[PDB]
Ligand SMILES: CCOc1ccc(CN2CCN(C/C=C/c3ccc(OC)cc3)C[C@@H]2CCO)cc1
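Here you get one chain, nothing else, as structure tokens; it is the form deposited without this ligand.
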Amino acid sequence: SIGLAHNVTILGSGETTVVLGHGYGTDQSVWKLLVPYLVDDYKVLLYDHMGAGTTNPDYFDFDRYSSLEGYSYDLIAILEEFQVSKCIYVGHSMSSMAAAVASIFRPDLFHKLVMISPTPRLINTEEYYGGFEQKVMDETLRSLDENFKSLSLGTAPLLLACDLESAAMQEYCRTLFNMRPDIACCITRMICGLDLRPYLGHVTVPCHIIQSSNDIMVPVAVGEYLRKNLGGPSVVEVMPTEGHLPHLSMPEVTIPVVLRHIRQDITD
């Protein structure tokens, strides 16, 4: 079944359902400091994206997940299986962009998207600053297969903006390295090459854009770019946090921001 394949967990109760989608390198346990604040007021659905170390490697389809919509279709199938409709989807990074694409295919399934550290494209063009030059991304992936561990460990403190003794860093590394390496390399190459800019105009569900003020993967101006190009309402809140996973590394600041955007719909 879909539920067992994605380790679907349902908690709480209520009229409205909140769906929590972890990002790259983590699993649904990343939400553990947020869920207790939701369960009395909402039904909460948690799931692992295919390829997370907690999922069966034999279910990972290398063709399916070399494009982001493999993840979008899985999400739709999950929401259909549990007859969830008009949900409040909270996602980190790629997960929030997969939900955005899913919301083009199936707007009925989403009341709004709460997006932690989203970007539609990492790589610079002449008129778009995504944060990375084409050839520096090419180098960072040159022999990605042979250097995965080395590159991941050496970049993780910069990506998360916390150090190797930090509780957040040790938790991230645990789940990151439970992925099968060829799986992680496939997902990584897919994320780094994404260009969702052509689809933003087709998103119509309200989007809440939450970002760190210093994120090596997400220039602050990318939040504004999203706000300008999304097809429906949106709002941007830049937090006084650093790092690409502020919900994991700086929950004391971040969890109250996420809760406010879950609870409060966008105004005029």
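Only the largest set of C-alpha atoms that superpose within 1.5 Å between the two forms is called the rigid core. Start at 1 and count along the sequence shown; that's the residue number.
- Of the two stretches examined, 128-136 and 110-118, the one with higher mean CA deviation in 7 other deposited structures of this protein after a rigid core fit is 128-136.
- Across the superposed structures in 7 other deposited structures of this protein, aligned by the core, the stretch whose Cα atoms lie more distant on average is 137-145, chosen from 93-101 and 137-145.
- Taking the mean C-alpha B-factor of each stretch as recorded, 211-219 and 22-30 are not equal, and the higher mean is that of 211-219.
- For the segment pair 85-93 and 127-135, the entry gives 127-135 the higher mean B-factor, averaged over Cα atoms.
- Of all the options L160, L109, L151, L113, the entry's greatest CA B-factor is assigned to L151.
- For the set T119, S72, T155, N178, the PDB entry assigns the largest Cα B-factor to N178.
- In this PDB entry, the Cα temperature factor of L11 sits in the top third of its chain's modelled residues, the highest group.
- Placement of the Cα temperature factor of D58 within the chain: highest third of the modelled residues, per the deposited record.
- Placement of the Cα temperature factor of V39 within the chain: highest third of the modelled residues, per the deposited record.
- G243: CA B factor in the lowest third of modelled residues in this chain (values from the PDB entry).
- In the deposited entry, the Cα temperature factor of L164 sits in the top third of values across the chain's modelled residues.
Omitted from view is the form solved in complex with this ligand, to which the following refers.
- Contact here is defined as any heavy atom lying within 4.5 Å of this ligand in the deposited complex, and by that definition each of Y24, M137 and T188 is a contact residue.
- Checking 77-85, 119-127, 161-169, 101-109 against this ligand in the deposited complex, the stretch whose residues place heavy atoms within 4.5 Å of it is 119-127.
- This ligand is not drawn, but in the deposited complex it has a heavy atom within 4.5 Å of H244.
- The closest non-hydrogen atom of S143 lies beyond 4.5 Å of this ligand in the deposited complex.
- Using a 4.5 angstroms threshold between heavy atoms, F132 counts as touching this ligand in the deposited complex.
- Within this chain, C173 is remote from the site of this ligand in the deposited complex, having no heavy atom within 4.5 Å.
- Proximity to this ligand in the deposited complex, defined as a heavy atom within 4.5 Å, holds among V203, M217, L46, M50 only for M217.
- Annotation for 148-185: interface residues with this ligand in the deposited complex are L151, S152, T155 [heavy atom within 4.5 Å].
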